[PDB]
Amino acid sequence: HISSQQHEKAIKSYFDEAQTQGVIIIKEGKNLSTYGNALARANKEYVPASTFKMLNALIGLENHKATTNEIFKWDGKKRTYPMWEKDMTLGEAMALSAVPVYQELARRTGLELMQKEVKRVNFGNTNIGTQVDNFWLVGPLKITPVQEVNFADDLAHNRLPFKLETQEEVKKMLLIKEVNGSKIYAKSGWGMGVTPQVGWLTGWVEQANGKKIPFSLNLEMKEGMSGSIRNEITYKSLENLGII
């Protein structure tokens, strides 16, 4: 019974109250819906930041640069965050957003193959530049929220150009929340190497009946915001729309 005006006002208020500017794009079948407090962000380009780990993992597994059980050993050097000072599989590194592990994977893939594969998937502006280990953090690779939700839609439905098994293995790494009978698969991003900083949460809800509803949240991370605001706004928005 809830009007579209009320859903739009509610979701906008979640971004307003977090003192940020952002959008969340929802896709139902082929139809995009855009909510939030800065709708024009929907077709603007931002660095993908750690959302690129979804594609990095697909590329590295497909090309035999790692297995899902391989343990990437911590090299013993101090990390930016202490939670990264440990040995990790790709899936554990996905959950911790452990940049160093995915930088190792990118170096195994190498610039030539990485560029070919990013072009082959047609991800964002497709440009990785000359540095195989940081192009998703500081540019030149960029992507819009519409492109991110369409990438999530492709992955959720096994439509990316990788083996089915590769896509299933990466999707298993993305389960972040179980709500009643729904499952939320997503990857966060926080681009601290750019100004303004960008925050992302891109993924999909798998409902109990099996329908998959992709989404992409994109906002501005401000001084002293918590990363959990990305999750909190996303979950509140999905709940307001009755998706979870």
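The first residue of the shown sequence is 1; numbering continues from there.
For the two regions 66-74 and 188-196, the entry's Cα B-factors average higher over 188-196. The deposited model assigns a higher average Cα B-factor to 223-231 than to the other stretch when 5-13 and 223-231 are compared.
Note on the listed residues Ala152, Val138, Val170, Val101: the highest Cα temperature factor in the record is that of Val138. For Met83, the recorded CA B-factor ranks within the highest third of the chain. Only modelled residues enter the ranking. When the modelled residues of the chain are ordered by C-alpha B-factor, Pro214 sits in the middle third. In the PDB entry, a CA B factor belonging to the highest third of its chain's modelled residues is recorded for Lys177. Split the chain's modelled residues into thirds by C-alpha temperature factor. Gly124 is in the middle one. The entry lists a Cα temperature factor for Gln207 that places it in the highest third of the chain's modelled residues.
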